[PDB]
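Residue numbers (this note's numbering), protein chains in the order written: chain L, 1 to 252; chain S, 1001 to 1052; chain G, 2001 to 2231; chain E, 3001 to 3120.
Notes for the one structure printed next.
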RNA sequence: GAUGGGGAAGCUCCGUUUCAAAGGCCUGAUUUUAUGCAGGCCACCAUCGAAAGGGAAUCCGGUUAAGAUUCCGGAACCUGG
RNA sequence: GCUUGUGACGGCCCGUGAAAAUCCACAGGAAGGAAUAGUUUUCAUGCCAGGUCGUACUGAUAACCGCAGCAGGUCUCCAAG
RNA sequence: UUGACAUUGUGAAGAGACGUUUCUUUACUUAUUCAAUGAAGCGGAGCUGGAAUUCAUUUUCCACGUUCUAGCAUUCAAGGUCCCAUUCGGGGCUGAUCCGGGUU
C-alpha cells in the first residue's frame, strides 16, 4: 500500500509550522541570582498579539544586573496586566497578579499560569488562552509542591519551579462558533498545514486502513492497540473506553 | 539625513529628536517627585527605626 | 575635601550595576583543562588498589634534598667530557697498549628503566629512586615489589623531571646508583636507613591498604552536617 | 598567587604569528607586465561610422583588450599617442571584442592624430 | 550550506552555534620607527539565496540607416577622498 | 467627470497582515580646548576621483513553448470622443 | 515490548542462600542520562546585632541594601587610607569578610 498521511507528518517538509510573523518565543526570565534570592522589577512596555496564538504576549523589559543595558523578556500576558505595570519576579516577590514567584513561595489556593516543569526551564504548563494551574498544597520533604493542572491531572513539582500569578489572557476564545470554513482556513494558515481533513474512509485502501470501499465503513474495530505499528495507528488509539458519556468532572 | 544640517534633525531641549516636549515634561516632574519622596522614604524609615 | 562628595553604591539585588568581581571559580575552561582536572578527581573517587596507593607516598623535602645532593655527586659525563675522553682513549690506546684502559673506572648514577630493572635483578643496585608520577603507571608499579623481593632499598621520590636533571635530560623515570666512591659510603647507609624505614619496611602494611574515597568538598560538608547537626 | 579573571569567558591566548621567510621562493622569474600598452590597445576601429566619430566628435575609437578597463585605456592612449583624455566610454562588441570610445581634450584634434597614426 | 564535531564499511549523513582555546576595532606608548607594544571595552557571530522585496544620487532639449535617463548641449545631485 | 496619488477617519478578524543591510538622533561626558590669540570642515564656497558585467530587437494569429511562420499556451504598465 | 548478560561503581536496613556472601524496599557521585547559562555569585564558616537558656556558657535560634509614580542607574566608584616628592599622571588596600577552585 501507500505511506499513509499521518506518517508523512514526521519528515517535516510540507507539514512544519508557519512562524514568519511570530514575535519571539514565550519564556520566563532565565533564573538568575536576583530571582533566586530577592526580586527584580520590570515594566510591561506593550502587550502584543502573537500570530497562531490567541492569548497575547506581554513584552516586559528589566534592567541587567551585570551590565548597563536594558534586557527584554517576552511573557504571555496574564489578564488584568497592563502597559506601564511593574512586574516583580523572585523569591521575595509579592503575591500580585502579573508577578512571578517560586511555587513554594505561594500559599495553597494560589492560581498561577506559565509555570515551570523543572525549575529554571522557563515555562511549560498552562500557557494557552484562559488557563491556570492551582496550588493544592506543599511538602517540605524536598521542596515540592502539588499542583492541579488544566487537563485535570494533579502533579508534584519542585517548589523552586516558578509560576506567574494569575490566568493567561485570551478569555473564552473557543466559545465563538467558527461558522465558515474560511475562518477555520485562516486559523490554520497561521499554524500548520493540518486543514482541511480527508476522512480515511473516503480514501482507497492504498491510502488508509479505512480506505477500502463499496460502502463507506471502517470494516474492523476502529480502536487500535498502543503496540500497533506506525502505519497502523489511525483511529482511537489505546482507547480505554468509547461512545458518549456526559461525565461532569475529572480526577480529584 | 546624513546629507542634512543638525538643526533639521533636532529641537533645542533635552531629548531633541528622541522624546516630545510633553514627554520630557512628564519625564522631569516624574523624576523630581520620586527623588524627593525617596528622601522622605528614608527619613520616615529612620523615625520608625529609632522607635524600636 | 568639601567639594568632592561621598556617593556610596547599593551593590545589592535590584539596583546599581554590579561591579566586576573575580570569577576564576566559574570560568568555562578549555576542554583540555577540565579533562586533566577531572581525571584527577575521578581517580580520587573510586577505591584505588593498594599497589597504586603505594605511590602518593613521595618523600619529605629534607630527605629528598639529601638524596639529591648525593645523587648530584655522580653526574654522567657531559657531551664534551666524553668528547675528549675518546680522543684521549682512541688516539692513544689504539696507538699503544691497554685495551682502551687510558681512563679511570667511572662512577655514574645509572638511568633508564630496562637498565635499572636488570640491575635490581642481578642485585647490583644499592639505592633506587622511582618517580611517583610515571604515566602509564604500569611502567613502574611492580618496582616496589621487585626491590622488596630482591632486598634492594627503594624510595618513591617526587619528580620524574627532577630525575631528568640528575642525568641531564627531560625526564628519567628512575635513577639508581650501584658503585659509589669510598668517601661517600657513609651517607649511603645513612640515607638508606631513613629511607627503608619509610618504604621497604612499611611495604607489607601499605600493600594491605587501599586509597580513594573523598566525597569532594560540597558533598563532604553535606555528610559532615548530617552528623554534626543531626547527631 | 591566583590571578584575577573578571570574565567567566576563556579566549584563545594571543600568540605571536610569525611571518613567512622562505628558503627557495615560489617563482624563479616574476612574470613581466601582462597587459601593457601595446597589449591594452590593439587596433583602430575605422568603420565609416567610427570615422564620423573622429571628423565630428573628437573621439578616438579603438578595439581594446577585453581584459582591460577604463583606467587602463586612458593610460595607454595617453602613453602611446601623447594625448590628454576627458572620459573613456566602453562597450563589449557583439563579436566578443571590446570597443573603446575615447574623446580627447580640446587642446588636441582627433582627426589630426587620426591620420597622424596613419588612417583616415 | 562550508567549519570544532557526532554518525556511516564507504560514496557521504547529521548539526549551523551547534558540548569548540573560533576575533578585530579605537588608539596611546615610542618620536631606534609609522610601530613591536601598552590602555581597553565590543562580539553564542562562515557564506550562498530577490534584474517584481529593502536600497546613496539626473533631468530637459538635440541627435543615428540602427544607440541613448548611457552620445551632444545645457543644467544638477550622490558618494569617497 | 476618468485614471492615479495621497490624507484624516470608519468596518473587518479564534487572520491583527516580513526581515536585514543602511541612515539618523538623543542619553552620556571621556577628552581636547583661548586672549595676542585657537575652537570648530553637521554653515557657504573651492579641489580631485567614481571601476566591472548587461544595454540591439521580438515579446507573439511569424523573433518564446507547443516537430512549423501552428485558430492552443505564456507574467505586467500606459488608455481619447 | 519483555527477560538476561555486558556498560556496573561504593554504604546500609530486613527476608533469606551455608563474619564472607547472593536475593527486595534504599543512602551515596564519580560512570552514564537531561537542561540552562556570555559557565556569577554555589558550598562551608564568619563581622554586625535583637532575643533566649543557664540557676550563667555559648547550648542555639532570628535578622543583616530594592514595592504609592510608564524618571534615572555605564568610564577599574565616590569616599576613606597608603605609597611615587607627586608638575600630571598613575598604583595599591579598603569600599565590597574569609575560606574550598564542584559553573549551576
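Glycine is no exception: its CB is placed at the ideal position from the N, C-alpha and C atoms.
- Straight-line spacing of the CA atoms in residue 18(L) and residue 186(L) works out to 12 Å.
- Per DSSP, the beta-bridge partners of residue 62(L) are 42(L) and 71(L).
- Assigned with DSSP and collapsed to three states, residue 3003(E) falls in coil, not helix or strand.
- Closer than 9 Å at the C-beta level to chain G, one finds these residues of the stretch 33–48 of chain L: 33, 34, 37, 38, 39, 40 and 41.
- Listed along chain E, the residues sitting closer than 9 Å to residue 2028(G) by beta-carbon distance are 3008, 3009 and 3010.
- Residue state for residue 2214(G) is assigned as coil, using DSSP reduced to three classes.
- DSSP places residue 2052(G) within a helical segment (H, G or I) once states are collapsed to three.
- The stretch 2153–2163 of chain G makes contact with the stretch 2128–2138 of chain G, as at least three CB pairs between them are under 8 Å.
- Going by DSSP, residue 2043(G) is part of the alpha helix (DSSP H) stretching over 2031–2044.
- About 5 Å separates the Cβ atoms of residue 114(L) and residue 123(L), confirming a contact at the 8 Å cut-off.
- Sequence-distant Cβ neighbours of residue 2047(G) in its own chain, meaning closer than 6 Å and more than five residues away, are 2210 and 2212.
- Taking a beta-carbon distance threshold of 7 Å, residue 2009(G) does not count as an interface residue toward chain E.
- In this structure residue 2109(G) is buried. Its beta-carbon is surrounded by 16 or more other beta-carbon atoms within 10 angstroms.
- Counting other Cβ atoms within 10 Å of its Cβ, residue 2160(G) reaches 16 or more and is therefore classed as buried.
- Looking only at 2051(G), 2066(G) and 2070(G), the smallest Cα-Cα distance to residue 2183(G) is reached by 2070(G).
- Comparing C-alpha distances from residue 34(L) to each of 2104(G), 2011(G) and 2106(G) shows the shortest one belongs to 2011(G).
- Taken through DSSP and simplified to helix, strand or coil, residue 104(L) comes out as helix.
- For residue 2022(G), the nearest beta carbon of chain E is closer than 7 Å to its own beta carbon.
- An exposed status is given to residue 178(L), since fewer than 16 other beta-carbon atoms sit within 10 Å of its beta-carbon.
- The alpha-carbon of residue 225(L) is positioned some 12 Å away from that of residue 231(L).
- Within chain L, the residues 34, 38, 39, 40 and 41 have their CB atoms less than 8 Å from the CB of residue 2014(G), given in chain order.
- With respect to residue 3045(E), residue 3076(E) sits apart: the two C-beta atoms are not nearer than 7 Å.
- Scanning 2188(G), 2174(G) and 2224(G) for the CA closest to the CA of residue 2180(G) turns up 2188(G).
- Around the C-beta of residue 203(L), 16 or more other C-beta atoms lie within 10 Å, and the residue is accordingly described as buried.
- Linking residue 2171(G) to residue 2078(G) through their CA atoms gives a straight-line distance of about 17 Å.
- The C-alpha of residue 2013(G) lies about 13 Å from the C-alpha of residue 42(L).
- Within a 10 Å sphere around the beta-carbon of residue 3004(E) sit fewer than 16 other beta-carbons, which makes this residue exposed.
- The Cβ neighbour count for residue 2142(G), taken over all protein chains shown within 10 Å, is under 16; the residue is labelled exposed.
- If you look at residue 189(L), you'll find it in the alpha helix (DSSP H) that goes 181–189.
- Apart from sequence neighbours up to five positions away, the residues of its chain that approach residue 2137(G) with a beta-carbon distance below 7 Å are 2052, ordered along the chain.
- The stretch 3028–3040 of chain E and the stretch 3081–3088 of chain E do not touch, with fewer than 3 CB-CB distances between them shorter than 8 Å.
- A distance of 7 Å or more separates the beta carbons of residue 57(L) and residue 25(L).
- Using a Cβ-Cβ cut-off of 7 Å, residue 3034(E) does not count as an interface residue toward chain G, since no Cβ of chain G sits closer than that to its own.
- Interface criterion met: the Cβ of residue 3005(E) is under 7 Å from a Cβ in chain G.
- In this structure, the alpha-carbon of residue 242(L) lies about 22 Å from that of residue 252(L).
- From the beta-carbon of residue 3002(E), the residues of chain G found nearer than 9 Å are 2022 and 2024.
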